[PDB]
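> I would like to see how this sequence folds:
(11 chains, ligands or ions: 1)
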Amino acid sequence: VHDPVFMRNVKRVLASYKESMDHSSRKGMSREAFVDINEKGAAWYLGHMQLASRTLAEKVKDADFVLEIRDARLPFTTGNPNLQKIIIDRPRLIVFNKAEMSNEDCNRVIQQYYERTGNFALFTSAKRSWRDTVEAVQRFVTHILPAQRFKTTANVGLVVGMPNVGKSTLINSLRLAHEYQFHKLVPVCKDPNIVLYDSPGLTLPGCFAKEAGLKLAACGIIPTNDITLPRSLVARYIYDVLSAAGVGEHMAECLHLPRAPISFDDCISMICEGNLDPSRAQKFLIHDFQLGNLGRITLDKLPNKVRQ
Amino acid sequence: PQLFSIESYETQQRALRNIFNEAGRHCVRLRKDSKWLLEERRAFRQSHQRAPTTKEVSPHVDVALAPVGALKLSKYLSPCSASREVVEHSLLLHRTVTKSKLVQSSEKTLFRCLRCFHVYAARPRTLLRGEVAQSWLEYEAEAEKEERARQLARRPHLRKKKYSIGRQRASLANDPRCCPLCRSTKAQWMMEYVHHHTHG
Amino acid sequence: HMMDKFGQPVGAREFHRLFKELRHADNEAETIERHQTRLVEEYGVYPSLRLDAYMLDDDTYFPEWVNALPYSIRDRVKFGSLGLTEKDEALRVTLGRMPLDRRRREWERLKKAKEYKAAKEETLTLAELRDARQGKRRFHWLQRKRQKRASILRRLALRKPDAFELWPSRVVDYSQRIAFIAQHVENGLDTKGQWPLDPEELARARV
Amino acid sequence: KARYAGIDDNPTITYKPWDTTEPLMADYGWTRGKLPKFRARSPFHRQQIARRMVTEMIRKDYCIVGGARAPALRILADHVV
Amino acid sequence: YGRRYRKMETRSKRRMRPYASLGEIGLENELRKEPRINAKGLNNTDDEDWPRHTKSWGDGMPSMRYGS
Amino acid sequence: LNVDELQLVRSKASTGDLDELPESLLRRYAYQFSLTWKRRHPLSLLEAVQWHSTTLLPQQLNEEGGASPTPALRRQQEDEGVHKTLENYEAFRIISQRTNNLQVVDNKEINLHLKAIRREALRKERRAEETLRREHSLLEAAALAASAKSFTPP
Amino acid sequence: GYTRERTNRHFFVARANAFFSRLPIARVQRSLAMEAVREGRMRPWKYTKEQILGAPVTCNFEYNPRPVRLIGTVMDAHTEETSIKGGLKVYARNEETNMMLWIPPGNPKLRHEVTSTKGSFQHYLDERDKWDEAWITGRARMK
Amino acid sequence: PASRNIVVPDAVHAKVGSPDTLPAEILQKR
Amino acid sequence: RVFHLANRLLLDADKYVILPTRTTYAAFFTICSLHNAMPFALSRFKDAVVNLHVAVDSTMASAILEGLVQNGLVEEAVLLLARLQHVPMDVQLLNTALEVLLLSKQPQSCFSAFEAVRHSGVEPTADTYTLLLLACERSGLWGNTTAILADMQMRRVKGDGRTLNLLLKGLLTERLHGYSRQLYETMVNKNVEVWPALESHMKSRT
RNA sequence: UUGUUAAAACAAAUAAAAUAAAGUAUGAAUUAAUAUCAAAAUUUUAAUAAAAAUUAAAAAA
RNA sequence: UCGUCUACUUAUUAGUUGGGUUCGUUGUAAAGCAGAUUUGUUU
Ligand SMILES: [Zn+2]
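Numbering: from 1, shown residues only, chains lettered A, B, ... in the order given. What follows is the structure:
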């Protein structure tokens, strides 16, 4: 037992922490949208992703290949605009996670366009482990990238992806796997000499427009809090996308509705009609859109040039 | 098509902005406190370096009531209506703003408690002091306690006449910070209550 | 409640009485059960008749030795088996206050009502469902008995701790180790499958 | 502040002489409106002491008591008479 | 914490709630002699309420607190 | 379930005189907008439908038909209401100033405390989050069951 | 430095409770009550608590332009005879509005008249249960 | 309900050059 | 009606002087898990533990944890398991905690608990081994894939068909040719079915 | 007052009333450089200065 | 010393379509530049 004054002090500070964290109210600003964990520690990046074009170019010039991680629901809006603007000489492998919910037709269209451009699209499901993904990445490296000059050197892949998409989870999984096998970078397979290099700030989007935030909250990337962004702004956009699709009978069959709804108020009242208030009803609708019982959905549009 | 469901949410919110700016013309004049008024005249001379203007200091508090349409709006709106949350939140915000303007007055006003449901006349500043949670209202409370200690420390016998059981009981009845029946600090503006009942 | 809150640790004789009662509680239950079964098998005074006698406040339904039984069990041997509520006790007082013919008439009416209630008790009403979901117990005499037993246990173990310990001291707790690992999981501390672990590190991760 | 003894049961046609007291239960206190409370361990203990004291007083026609028990005993004997 | 052992012992041993009226002490005397359903139970002797002035030895002997 | 022209005519005629309009139209409009009309008072239906036509802001219809009058009549009704509130408040003032102590309670009690609203909201949110966790765990268990069989060794 | 809180001054410490006997104070109370009666601010009443408890009453509070009328049920009468003390406990319900008032007699701007000295304890119990249920509902909705 | 056709046209919403497409920073600066 | 009767039994025991037992509470928890009404089971568990002074049993804890898991409250089950303390050790509670830690966020924690109980305690069975192998499949470490087989051999406890199939899959992933071929031969000798993907992979390798 | 549940119950914690815990005898222990010990303000000398000096006047239990 | 800079440009037409991508006031030449700047024997 240490000093009693120190015991009293730690008791007092723990009680203060408890009385500070007892409040269930969540603050407006999404801390997750700006925090980004790395090897040095938790970092907060400010600014958009356009003013970092040369900082991205100087690193994609050093890296051997470009491993990007995006979400299949909204491919283009999650990533880097300068990567799509300026052509990257290095081969790119784009892993679309949560591919079970995206439109199969849009998935084949985007993978066809990536094959036409020179990139390789890999769609990963929840049942698939990261081992098959990293094995396919190794196969891509040994099939596309040329042989290194010196035998001891390794090929580097710059990882571009938001921490909500699964980049941080993949990094942690590979790190723990390597640590358990042996007991700023991350080695995956030592026989082909493949290593990965992460860039937190270049992938952290930071600020976003209204519709961008709507799409991110509908996909589950950005958090949702009552002070900053009510559920109405996102659920009405979801229903507007569903109405632009025009599948009213399909909405009814999915939500177990007596008839095809006419308006958003009608949708809310019909979901309310188990009994629950409109707020939790809209929360359950958004949760349905998150879990993905509604399938073959793509919120991000495709430009004319990518559709050609 | 277009953003029908999005524009409908924006249209209803624009209506709430207009019907609440309309209710501003229905006001109830409340004369400010004597000590608080001199505190605004003092802070104005140091800020603007000029004598205070009778139209800027506003010795009469302009409190705004909730619009007559809004109370009957949430009334006939079913709980299953999605548009009830956006108008309920609009009323909860105005219900607190009304408290913020009410605490600046010191004239006698009807205040009922919610514990034993007793209606009594109280002064809004001293009654709603613990609920409003304003630092300037906290700093003036600490300032007046020192001002009383300065007078009592200069003359100890001054406490005998000023602070007596006859004087202390009289001042508590003059500023009923709690209900004389249930002794509860929780209270409500009766004017806002009767405005909500006869319309709902 | 006051004794359990501000109870000075008992002496030798009080400890002995508490231990004796706690040890012979089972013998007391066995002997009251034996008295009751002897009564119902040799005299035919069934629990229905015993409850009727309880409600009418009549001792003719019991033989002579019932009132001669030990006082510690004389009151339980008669009306301990059959179920009784605080409402039933209040109704017994009301009957005892009311006249005898009204006693019998209202008791027969209430007995018919209770039999119909028992027939209808197949399902649960909304109030009973709410009480079962909440956890509130209207008939908390079992709770009072268990709380008295726990208070006796505490007042007896406060004298000699090694006398009535809950878990053996020398025996290690694999379930406690599993709960330790589950606390690691709860706090999110990375467990690399390497046993043992560091409790100071778990506490640091917790804070 | 309020005495539940004022709640009258089985009221008679004519109002009682006291109409507010028991009158045996004295509601001992220190203000002049009440009886002097002799030091006891509880109000129940005080009532038990008063009961035994007035019983012995009625039994043996005299009682020698110390402290504030004498005025209480005298007033209770008055109420008994 | 400052709670006196003797005083707390007396408070926890004996009751404090005083009677309110003679009708109330009568109702209490009625409701006291009631059997315990599942409790421990206490001996209800045939002279528990009867006058103990002739039973107990010290109820007539000279007393100082009662003054003979 | 309402024609556009019929809804426009109803919204235009409710400001002037809604008595001549049939009440079945108002009933079905309340059904559409998910309104609550009292079944024991026929005036409640017309009051609800006129206040809902008030709170509804047709960007083109009202602005073209009556820019000033459509809010003007509603402002007149609001002036009537605020004068009624002033009268009732003065009545409460005089009765509380004359009587010794006065108590007032409402059976409907149309008033909700702010902290109570927040607590109910977070409570229903926690229940919905528990059900969301149920769904998530079911999905993860199904994914594990699929990976235990479909995954082939390289 | 130093001050004194108590004063042993003779004029302050002397009392007159012994000489209060030569003042007919109860007669002064009755004279004030009779003056109020003759002025019309109150009207003499002789009923008992159980008799008046549960009797309908109508009270008009005079107020320009319209005096406010209120019909309620007497819940408690504080005095059995007329006096300057008085006190009546009325309970009145409007459309979805319950209220419990304590009417003092002798107010000129307040005219309360009980429609019948006789009362119905059954209706009294009904009103009492209604008021208690309303109060409990209000407290439960508050907390 | 999983493989049902749900396609979104590009002319219904999210027009190019809109205040919703542009972030609030640029609009406030302008 | 079955749920109503299940709650009525406990209400009747509460009304009477008797008290329900740990097996009754476990069966009631399984009933609530079947009925998808977990708040009732949790309220009954609280009422049994905090004021009724009924010590928790191994089967009772395993039943309540299995109910939480089946309803899908894996995090709440983890919390309750962390709160658990002073309960006898049994293979049922062991495999239930293994399921809980498998479905939890950290699949390595159940492996750590198994290595902790490996020194002493109840002997693990084929179900526990299947749970360990499923957790290894979910996580992806597989570093002790042959260690599990060595432990089973030294424990001298037979394995089930699913156990042997998961072990075959683990060995094929860990490219242990000799051990995989030996296990395939002994599986064909025992005449126990295998997974279709594993059989196709074996036939393509041969 | 807060929190939980349900369309009132439970747990916490203090601030008002109420209850007790002597004015009788019995009677220790920590401590102890000391003038019948320097009430206060100002200034100053080697670190709180209760060390010095200048104003001033600080009653007893 | 708390400054500002998510669009210019090259073409195209009448909103559509492909390429490329900071400035500056004042002090100072050390009196300027990492990080900390807290203490009630208090219950
Ligand atoms: Zn009150």
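> I'd like to know how many residues surround residue 5.
I went with chain A, as the question did not name one. By the criterion of other CB atoms under 10 Å in any protein chain shown, residue A:5 has 8 neighbours. For the C-beta atoms, the positions are set from N, CA and C on the backbone; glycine is no exception.
> that's the wrong chain, I wanted chain F
Using other CB under 10 Å, residue F:5 is surrounded by 8 other residues.
> I'd like the next helix or strand past the helix or strand harbouring residue F:26.
Assigned by DSSP states H and E, residue F:26 belongs to helix F:23-32. Per DSSP H and E, helix F:23-32 leads on to helix F:42-55 as the next helix or strand towards the C-terminus.
> For that next one, list every residue counted as buried.
F:44, F:45, F:46, F:47, F:48, F:49, F:50, F:51, F:52, F:53, F:54, F:55 (16 or more other CB atoms under 10 Å in any protein chain shown).
> host element of the nearest residue to residue I:167 once chain neighbours are set aside?
Closest residue to residue I:167 apart from its sequence neighbours, by CB to CB, 6 or more residues apart in numbering or on different chains: residue I:149 at 6.0 Å. Per DSSP H and E, residue I:149 falls inside helix I:145-155.
> which helices and strands sit right next to that helix?
helix I:126-139, helix I:161-173 (3 or more CB pairs under 8 Å, 6 or more residues apart in numbering or on different chains; DSSP states H and E).
> wait, does the helix holding residue F:26 make contact with chain A?
Yes. Using CB under 8 Å from any CB of the partner chain, helix F:23-32 reaches chain A at residue F:32.
> residue contacts, residue 63?
Using chain A. Counting by CB atoms under 8 Å, 6 or more residues apart in numbering or on different chains, residue A:63 makes contact with A:90, A:156, A:157, A:158, A:197.
> Oops, wrong one, chain G.
Here residue G:63 is in contact with F:90, F:91, F:94, G:109 (CB under 8 Å, 6+ apart).
> at 10 Å instead, please
Applying CB atoms under 10 Å, 6 or more residues apart in numbering or on different chains to residue G:63 gives the contacts F:90, F:91, F:93, F:94, F:95, F:98, G:109.
> most centrally placed residue in chain F?
Centre of chain F computed as the mean C-alpha position; nearest residue by CA atoms, centre = their mean is residue F:35, 6.6 Å away.
> measure that residue to residue B:74 for me?
11 Å (CB to CB, to the nearest Å).
> Around residue 43, how many other residues sit close by?
Reading this off chain A. Residues contacting residue A:43 under the criterion other CB under 10 Å number 13.
> Oops, wrong one, chain I.
16.
> For the closest residue to it other than its chain neighbours, give me phi and psi.
Counting by CB to CB, 6+ apart, residue C:135 is the residue found nearest to residue I:43 once chain neighbours are left out, at 4.5 Å. Torsion angles at residue C:135 (phi, psi; degrees, to the nearest 10) stand at phi 100, psi 0.
> which residues touch residue C:135?
Taking CB under 10 Å, 6+ apart as the test, what residue C:135 contacts is I:39, I:40, I:42, I:43, I:44, I:45, I:46, I:47, I:48, I:50, I:51.
> Residue G:48 too?
With contact taken as CB under 10 Å, 6+ apart, residue G:48 is in contact with G:77, G:80, G:81, G:117.
> if you look at those, which of them are in strands?
Judged by DSSP state E, these include residue G:77 as members of strands.
> what's the nearest residue to residue E:36 if we skip its chain neighbours?
residue C:75 (4.6 Å).
> what number of residues lie near the one you found?
Residues lying near residue C:75 (other CB under 10 Å) number 20.
> Does it touch residue E:40 like I think?
Yes. Using CB atoms under 10 Å, residue C:75 is in contact with residue E:40, at 9.3 Å.
> if I pick the residue positioned nearest the centre of chain H, what's in contact with it?
By CA atoms, centre = their mean, chain H has its centre lying nearest to residue H:14, at 2.5 Å. Contacts for residue H:14 were tallied using CB under 10 Å, 6+ apart; they are A:211-212, A:214-215, A:237, A:241, A:299-301, B:3, H:8, H:20-21.
> if you set the cut-off to 6 Å instead, what comes out?
residue A:211 (CB atoms under 6 Å, 6 or more residues apart in numbering or on different chains).
> what do you get for residue E:8?
The contact partners of residue E:8, taken as CB under 6 Å, 6+ apart, are residue C:6.
> how near is it to residue C:15?
Counting by CB to CB, the gap from residue E:8 to residue C:15 is 20 Å.
> again, but for residue F:53
82 Å.
> Show me the helices in chain B, by range?
Applying DSSP state H to chain B gives helices spanning B:4-22, B:34-48, B:54-57, B:68-76, B:83-102, B:124-127, B:129-132, B:135-154, B:158-162, B:165-174, B:190-197.
> Let me have those helices in a markdown table, extended by distance to residue F:15.
Formatted as a markdown table, the helices of chain B follow (distance: least, CB to CB, whole Å):
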| stretch | distance to residue F:15 |
| --- | --- |
| helix B:4-22 | 15 |
| helix B:34-48 | 44 |
| helix B:54-57 | 38 |
| helix B:68-76 | 13 |
| helix B:83-102 | 20 |
| helix B:124-127 | 39 |
| helix B:129-132 | 40 |
| helix B:135-154 | 45 |
| helix B:158-162 | 63 |
| helix B:165-174 | 50 |
| helix B:190-197 | 24 |
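> For chain D, find the nearest of those helices.
Relative to chain D, the nearest member of the helices of chain B by CB to the nearest CB is helix B:165-174, separated by 16.7 Å.
> Pull the residues that contact that closest one.
Counting by CB under 6 Å, 6+ apart, no residue sits against helix B:165-174.
> anything in it near RNA strand J?
No. Judged by CB under 7 Å from any atom of the strand, helix B:165-174 stays clear of RNA strand J, getting no closer than 11.1 Å.
> Repeat that for stretch D:66-76.
No. Residues of stretch D:66-76 contacting RNA strand J under CB under 7 Å from any atom of the strand: none, with a closest distance of 8.4 Å.
> and the residue lying closest to residue I:162 once chain neighbours are set aside, how many neighbours does it have?
Of all residues not flanking residue I:162 in the chain, residue I:130 sits nearest, at 5.4 Å (CB to CB, 6+ apart). Residue I:130 has 22 neighbours, counted by other CB under 10 Å.
> Residue C:107 now?
The local packing of residue C:107 (other CB under 10 Å) involves 18 other residues.
> Figure out how far the lengthiest helix in chain D is from the centre of its chain.
When every helix of chain D is counted residue by residue (DSSP H), the longest turns out to be helix D:43-60. In terms of CA atoms, centre = their mean, to the nearest Å, the centre of helix D:43-60 is set 9 Å apart from its chain centre.
> Pull out the buried positions in it.
For helix D:43-60, a neighbour-count test (16+ other CB under 10 Å) marks D:45, D:46, D:47, D:48, D:49, D:50, D:53, D:54, D:56, D:57 as buried.
> ditto for stretch H:6-17
Those would be H:6, H:8, H:12, H:13, H:14, for stretch H:6-17 by 16+ other CB under 10 Å.
> Look at that stretch and report the distance between its end residues.
Length of stretch H:6-17, first residue to last, CA to CA, to the nearest Å: 26 Å.
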